[PDB]
Asks: 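Handing you this structure, nothing more for now.
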Amino acid sequence: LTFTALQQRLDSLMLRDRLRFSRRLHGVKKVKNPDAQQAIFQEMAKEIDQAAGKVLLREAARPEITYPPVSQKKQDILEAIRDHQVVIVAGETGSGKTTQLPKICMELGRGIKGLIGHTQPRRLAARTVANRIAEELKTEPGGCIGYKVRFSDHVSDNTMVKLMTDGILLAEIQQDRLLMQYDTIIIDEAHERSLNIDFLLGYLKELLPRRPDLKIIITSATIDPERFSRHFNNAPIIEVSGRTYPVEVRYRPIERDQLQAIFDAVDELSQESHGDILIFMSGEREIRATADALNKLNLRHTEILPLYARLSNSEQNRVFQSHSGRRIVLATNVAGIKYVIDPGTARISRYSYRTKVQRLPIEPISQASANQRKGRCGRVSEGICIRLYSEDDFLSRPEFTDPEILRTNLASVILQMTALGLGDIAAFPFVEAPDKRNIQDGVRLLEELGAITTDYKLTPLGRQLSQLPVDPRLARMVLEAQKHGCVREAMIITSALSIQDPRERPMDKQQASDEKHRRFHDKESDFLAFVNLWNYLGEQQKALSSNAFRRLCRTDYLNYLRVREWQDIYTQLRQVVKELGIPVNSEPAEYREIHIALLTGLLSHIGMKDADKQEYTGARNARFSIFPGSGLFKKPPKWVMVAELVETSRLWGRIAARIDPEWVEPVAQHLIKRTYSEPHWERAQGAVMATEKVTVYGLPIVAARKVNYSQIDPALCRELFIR
């Protein structure tokens with residue numbers, strides 16, 4: 001068995017096993033005896049005949065494919081996939097392409113030597129499409145089509161087509177750098193432009209020269225995918241017509257209830273017909289309050305159905321049942337229906353360029369997102385979309401939503417590229433490259449929070465910091481509070497800082513707005529206002545009805561919709577905190593323990609006041625003063641800590657709390673710069689003794705500290721004794 005003949009045999013063999021055998025075939029060149037080589041060549045081909053039989057078995061157990069708008073494009077798409085490594089398929093609303101493309105690949109013969117990876121944004125979209133495909137081909141669970149939504153779960157050996165989330169294939173990179181488990185990869189819903197989808201598209205661009213066998217298919221909505229085609233070396237684009245019957249759009253812009261409009265929108269829709277209605281909701285605690293209000297309103301033949309990604313398998317599959325009635329689905333942004341109610345708002349992750357924080361504001365959604373919510377009404381009958389905002393409001397919205405890469409803190413970006421083993425940020429083929437100027441600043445903060453080391457790799461603290469959905473500065477304050485029994489007060493302020501201040505101030509009532517907000521103010525901290533209020537709101541929420549409480553936000557000048565968001569984020573955090581195994585206290589923590597935990601995320605934000613009683617000195621010789629109307633504006637203490645710094649007329653320090661200088665050193669060990677001076681000898685102590693200064697970013701946390709310099713630096717001690 002000549003070496004070339006057994007290497008030609010590897011072409012007819014599965015992907016991972018080709019690499020192992022070819023390396024062992026080269027291990028036979030180092031063998032000496034001629035006939036001993038030919039013998040071990042023979043036993044290797046018996047394993048190769050075994051592995052080549054696993055290919056034949058997979059090819060003979062292939063199911064026959066049956067196609068029920070995309071079917072006209074089938075021959076077009078089939079031939080384009082055949083003669084191109086990268087092809088793009090954009091289709092609207094109909095979503096017929098999502099289930100049909102994996103079969104098209106199978107009809108080429110792909111699923112045999114490697115799986116057919118298909119990527120979806122969340123876990124629910126993976127299983128349903130896998131199931132819908134499995135029905136169509138008349139296969140049973142455990143056959144040629146499976147899925148995976150947890151990194152622990154493995155697919156069956158028979159599985160030819162694999163559905164998964166975007167974060168699952170990213171998590172598979174480290175173990176399989178070349179992604180040899182698959183021979184086809186389909187990235188679906190790519191128009192969402194999340195980090196995971198942007199990470200996956202760039203990595204595949206790197207992986208293409210190493211994989212002359214792989215075939216890539218990027219599929220999304222009609223959100224112009226020429227960008228995807230340009231990212232690869234000018235890939236083909238195929239546009240299947242959605243062919244939904246046109247939708248009617250009514251612009252109905254908004255005692256005065258934000259929920260009232262949804263009641264009146266239900267009234268208008270029911271008058272036309274009784275078709276199933278889909279109401280888009282931002283947040284899941286708002287879903288429950290709207291759901292209870294619609295059920296307590298008591299309608300005829302009504303079913304209010306609240307959808308969550310945190311629902312059970314049984315619960316979630318109820319939306320896909322046959323109902324035989326009317327059902328009102330109040331779903332989050334995860335999304336037969338005839339009608340749609342669209343308030344036009346959603347929670348988006350935006351980085352604040354003026355306060356240098358990453359927050360999660362509620363924003364007027366773009367035109368392309370509103371058009372996707374519109375296209376939910378796709379049926380033989382004309383559907384109806386009701387937008388709860390004007391027609392100016394819609395056309396005063398941007399056409400598209402900025403990619404997540406372009407609105408995320410680069411610290412969080414890198415923190416996931418290193419958690420994923422993606423390499424250096426500047427050397428990654430981005431579809432949208434972030435600004436290079438802030439790459440270095442991002443690393444400085446990750447180092448400021450001890451999130452990284454240099455082997456690039458990340459601290460075990462950075463593993464915990466990759467998990468939390470808040471800002472690294474805020475996420476670090478969380479992880480510290482574990483050591484001080486204030487994980488509660490940490491998560492309160494951490495969430496409260498991740499959103500716009502719910503305490504409102506209208507021009508009409510400013511004295512009253514301040515009078516009522518003033519009840520929850522601490523004499524020494526602007527982070528204890530959030531904790532005091534959150535406690536008060538909890539007592540009112542436990543003694544008041546949803547209407548008595550929601551109306552209380554009006555009388556306390558509070559943004560009810562942001563109060564719910566504060567609780568949504570608090571719970572999405574505590575979900576991760578418990579995923580990491582971190583306890584949470586039930587007793588109140590003391591001023592020190594909570595502000596030491598705030599300090600480890602606000603180290604670049606420490607200030608020392610001058611004897612002027614006015615201005616402050618900060619990191620890198622920064623000069624600031626505290627925002628007017630902070631709790632400490634009239635009694636400015638010697639050392640403060642500010643949640644954020646922003647320049648207007650000058651650099652101001654917003655959200656501040658007083659600290660002790662002594663607290664800063666035991667946490668600044670990674671950043672202290674300690675210098676000494678005035679070395680001399682003492683008789684009773686009996687050693688050279690200097691005085692030590694310690695700085696943080698130039699700040700004298702320690703000014704005059706007598707040290708035992710002989711125990712510190714003995715070498716330079718003698719070399720100053722000769723002088």
Side-chain angles (χ1 to χ4, degrees), residues 10-11 13-23 51 54-55 58 81 84-89 101-102 104-106 108-121 123 126 129-130 144-190 194-220 228 231-233 235 416-424 427-431:
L10 297 190
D11 150 64
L13 209 137
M14 280 199 65
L15 292 187
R16 285 186 308 261
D17 328 319
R18 294 149 110 125
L19 309 187
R20 264 54 188 176
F21 283 136
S22 216
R23 296 195 300 182
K54 289 185 160 209
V55 146
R58 248 185 171 250
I81 298 177
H84 290 90
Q85 179 173 10
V86 280
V87 183
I88 303 171
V89 172
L101 287 169
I104 295 183
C105 313
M106 290 195 264
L108 267 182
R110 305 292 301 179
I112 307 303
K113 295 171 177 173
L115 302 209
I116 301 188
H118 190 118
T119 271
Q120 291 296 146
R123 295 178 306 281
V129 174
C144 302
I145 289 84
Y147 66 98
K148 167 181 175 183
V149 291
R150 279 179 311 190
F151 191 45
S152 331
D153 305 349
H154 295 76
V155 293
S156 314
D157 301 357
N158 310 92
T159 298
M160 293 180 47
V161 164
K162 189 179 183 303
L163 271 279
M164 51 193 135
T165 79
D166 38 21
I168 282 289
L169 186 55
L170 286 173
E172 291 175 339
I173 294 298
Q174 312 160 1
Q175 300 69 359
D176 205 338
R177 179 68 51 179
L178 254 52
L179 293 178
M180 298 301 292
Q181 183 172 47
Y182 320 95
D183 75 326
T184 302
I185 282 152
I186 300 169
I187 308 288
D188 202 308
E189 311 284 297
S194 57
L195 296 179
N196 302 274
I197 297 184
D198 266 340
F199 292 157
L200 284 154
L201 285 173
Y203 185 95
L204 293 178
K205 184 65 170 176
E206 277 182 338
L207 197 53
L208 290 180
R210 294 283 288 279
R211 299 294 313 283
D213 46 354
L214 189 67
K215 289 279 173 174
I216 298 305
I217 307 174
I218 315 99
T219 72
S220 65
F228 295 143
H231 184 265
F232 301 84
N233 200 22
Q416 270 137 42
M417 305 186 71
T418 75
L420 271 35
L422 286 167
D424 179 58
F428 194 54
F430 287 115
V431 206

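Each residue takes its place number in the sequence, starting with 1. Computation of the quantities below employed the complete heavy-atom set of this structure, encompassing side-chain atoms and omitting hydrogens, waters and symmetry-equivalent molecules.
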Asks: Show the numbers, then the answer: is there a side-chain contact (heavy atoms from CB on, under 4.5 Å) between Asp176 and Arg16?
Replies: CA-CA 10 Å; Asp176 205 338; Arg16 285 186 308 261; 4.3 Å; yes
Asks: Only counting residues at least two apart or in another chain, list the ones meeting side chain to side chain contact (heavy atoms under 4.5 Å, CB included) with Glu172.
Replies: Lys148, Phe151, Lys162, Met164, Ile168, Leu169, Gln181, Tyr182
Asks: If you take all heavy atoms of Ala130 and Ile145, which pair is closest and at what distance?
Replies: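 In terms of heavy atoms, the two residues are closest at O-CG2, 3.6 Å.
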Asks: Does any N or O in the side chain of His231 come within less than 3.5 Å of the main-chain N or O of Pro429, such that one atom is a donor and the other an acceptor?
Replies: yes
Asks: What distance separates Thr418 OG1 from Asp424 CG, expressed to the nearest 0.5 Å?
Replies: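 If I round to the nearest 0.5 Å, the distance is 11.0 Å.
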Asks: With side-chain contact (heavy atoms from CB on, under 4.5 Å) as the test, would you mind laying out the steps for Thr184 and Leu108 before giving the verdict?
Replies: CA-CA 11 Å; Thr184 302; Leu108 267 182; over 6 Å; no
Asks: List in chain and number order the residues that pass side chain to side chain contact (heavy atoms under 4.5 Å, CB included) with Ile173, two or more places apart in sequence or in another chain; answer none if no residue qualifies.
Replies: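 Only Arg177, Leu179, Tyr203 meet the side chain to side chain contact (heavy atoms under 4.5 Å, CB included) criterion with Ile173.
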Asks: Nearest 0.5 Å please: distance from the NE2 atom of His118 over to the OG1 atom of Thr165.
Replies: 12.0 Å
Asks: Any idea which heavy atoms bring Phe232 and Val86 closest together, and the distance?
Replies: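 Answer, listing the atom of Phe232 first, then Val86: CD2-CG1, 3.5 Å.
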Asks: Count the heavy atoms belonging to other residues, nucleotides or ligands that lie under 6.0 Å from NZ of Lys54, then report whether that count exceeds 12.
Replies: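 12 or below, so no.
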Asks: Once you round to the nearest 0.5 Å, how far does CD1 of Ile187 lie from CG of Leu204?
Replies: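 The CG atom of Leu204 is 5.5 Å from CD1 of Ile187, to the nearest 0.5 Å.
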Asks: Mind checking side chain to side chain contact (heavy atoms under 4.5 Å, CB included) for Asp11 and listing every partner two or more places apart, or none if nothing turns up?
Replies: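 Applying side chain to side chain contact (heavy atoms under 4.5 Å, CB included) to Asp11 gives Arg18, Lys113.
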Asks: Using every non-hydrogen atom in the two residues, find where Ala126 and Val149 come nearest and quote the distance to one decimal.
Replies: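 Taking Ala126 first and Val149 second, the nearest heavy atoms are CB-CG1, 4.1 Å.
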Asks: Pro102 and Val161: which non-hydrogen atoms are nearest, and at how many Å?
Replies: CB-CG1, 3.8 Å
Asks: At what distance, to the nearest 0.5 angstrom, does CD1 of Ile116 lie from OG1 of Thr159?
Replies: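 One gets 11.5 Å once the value is rounded to the nearest 0.5 Å.
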Asks: What pairs with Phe430 under ring-ring contact (aromatic ring centres under 6.0 Å, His included), at least two apart in sequence or on another chain?
Replies: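 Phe428.
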Asks: Check whether more than 12 heavy atoms from other residues, nucleotides or ligands sit under 6.0 Å from atom CZ of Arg110, and answer yes or no.
Replies: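 Result for CZ/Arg110: enclosed.
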Asks: Give me the atom names and distance for the closest heavy-atom approach of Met14 to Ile112.
Replies: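 Shortest heavy-atom contact: CE-O, 4.0 Å.
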Asks: Could you pull out the closest heavy-atom pair between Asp183 and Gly114, with the gap in Å?
Replies: OD1-O, 3.0 Å
Asks: Could you tell me the separation between the CG atom of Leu178 and the CG atom of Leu15, rounded to the nearest 0.5 Å?
Replies: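 Separation between the atoms: 10.5 Å.
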Asks: Side-chain contact, heavy-atom cut-off 4.5 Å: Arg58 with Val55?
Replies: no
Asks: Suppose we screen for side chain to side chain contact (heavy atoms under 4.5 Å, CB included). Which residues come up paired with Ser194, at least two apart in sequence or across chains?
Replies: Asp166, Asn196, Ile197, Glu404
Asks: Pairs of donor and acceptor atoms involving the side chains of residues 212-219, under 3.5 Å and at least two apart or interchain, shall be tabulated with distances.
Replies:
from	atom 1	to	atom 2	distance (Å)
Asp213	OD1	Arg211	NE	2.8
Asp213	OD1	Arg211	NH2	3.2
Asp213	OD2	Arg211	NH2	3.2
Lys215	NZ	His84	O	2.9
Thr219	OG1	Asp188	OD2	3.2

Asks: Look up atom CG in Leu420 and atom CG in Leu195, then write down how far apart they are to the nearest 0.5 Å.
Replies: 10.0 Å
